[PDB]
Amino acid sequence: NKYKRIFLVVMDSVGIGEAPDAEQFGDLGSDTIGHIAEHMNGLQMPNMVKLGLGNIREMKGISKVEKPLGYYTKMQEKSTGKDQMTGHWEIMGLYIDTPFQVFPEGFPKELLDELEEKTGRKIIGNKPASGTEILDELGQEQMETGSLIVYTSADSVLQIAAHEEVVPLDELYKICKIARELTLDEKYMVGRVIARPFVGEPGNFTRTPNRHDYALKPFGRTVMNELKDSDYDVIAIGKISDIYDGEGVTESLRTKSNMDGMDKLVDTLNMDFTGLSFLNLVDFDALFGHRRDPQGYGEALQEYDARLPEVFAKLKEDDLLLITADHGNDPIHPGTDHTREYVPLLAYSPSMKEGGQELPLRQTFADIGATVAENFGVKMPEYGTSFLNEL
């Protein structure tokens, strides 16, 4: 093998400007990193700059360098959608025709009618809200009537809240499984159904750790599956295991924050393993992109950048570091959805003694999967073109 270990980092939602097909999505003008850089009066990301981020595209505070540490380019998304699962599934070698939906005005009556029809229970709420907001508003009615609080977020989720004393936990799980089946329908396709049991009294409701998630498996066997099947290590960090519903995963490390994500990445650098360590840094998307908070987003990017030199110091000659994103989520864009954008790609190993060069633009995110597959000698994905030989 050319590399013994590949460290793949998804900066979640960290897009590098509108894609050629942005108009279809209402995403003309979208530029996640660029708009953040303008807001910050210049982003301070010296380590990403050293890797060649400015060589992909110059932005405020982000300039090109003469000798980038590694190779650089951007990637274009080929799949129909701009959601979490589409982006990640494409990265690991798939092509996804059918996009996962978001519901800023709640779910269609048809879906909620069938859920009522199958459960014999009333549904209340039906809007995007935080757990705290929806329980403050509807928690008491839920307790008193035995109704189900159905809500969503800015992402592709259907969430069902019920008080543990009123709706038995096991009944809530059964209901969520029904909802999971009903939402395997391209009109109502949600990435994730989430059980949100809660306890307490009016004015003091808390969501319990009895939360359960109901995800869909990727629409195909991924490069992760192939790695696992060939007895390679596949270490998933953060939301990665959940995004792939555990498919191809050999170890999963939960994280609480971006900084904690970088700590677990460091933990994997300290592990003897052969295969893939795969990190998702989700805060960019979950805290700042959807909340349209360019200041928080900018600060988060600077906090992440400052962590990189330790990663650089720990990389071995036979290690490869890959840094990319899965879509955009421009914090100055209208609405609360993701934006259809190119994503950066940086590929660095200390064995690149002469530094890196520009790679041809990646025509699908699956080029990452193809590169991983070729490196480890496992079955090549149906989609994607490896850039391994270019490194």
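Numbering starts at 1 and runs along the sequence shown.
Trainee: Look over 262 to 270 and 206 to 214 in the entry and identify the one with the greater average Cα temperature factor.
Mentor: It is 206 to 214.
Trainee: Tell me which of 124 to 132 and 230 to 238 has the higher mean C-alpha B-factor in the deposited entry.
Mentor: Mean CA B-factor is higher for 124 to 132.
Trainee: If you compare 319, 110, 303, 247, which has the highest Cα B-factor in the entry?
Mentor: Each of 319, 110, 303, 247 was compared by C-alpha B-factor; the highest is 110.
Trainee: Could you tell me which one of 63, 349, 336, 363 shows the highest CA temperature factor in the PDB record?
Mentor: Of the candidates given, the C-alpha B-factor peaks at 63.
Trainee: For residue 24, does the deposited CA B-factor place it in the lowest, middle or highest third of the chain?
Mentor: Highest third of the chain for residue 24's C-alpha B-factor.
Trainee: If you rank the chain by CA B-factor, which third does residue 59 end up in: lowest, middle or highest?
Mentor: For residue 59, the deposited C-alpha B-factor lands in the highest third.
Trainee: How does the C-alpha B factor of residue 99 compare with the rest of the chain: lowest, middle or highest third?
Mentor: Middle third.
Trainee: Place residue 391 in the lowest, middle or highest third of its chain's C-alpha B-factors, as listed in the PDB entry.
Mentor: Within its chain, residue 391 is a highest-third residue by C-alpha B-factor, going by the deposited values.
Trainee: Just say lowest, middle or highest third for the CA B-factor of residue 292 relative to the other modelled residues in its chain.
Mentor: For residue 292, the deposited C-alpha B-factor lands in the middle third.
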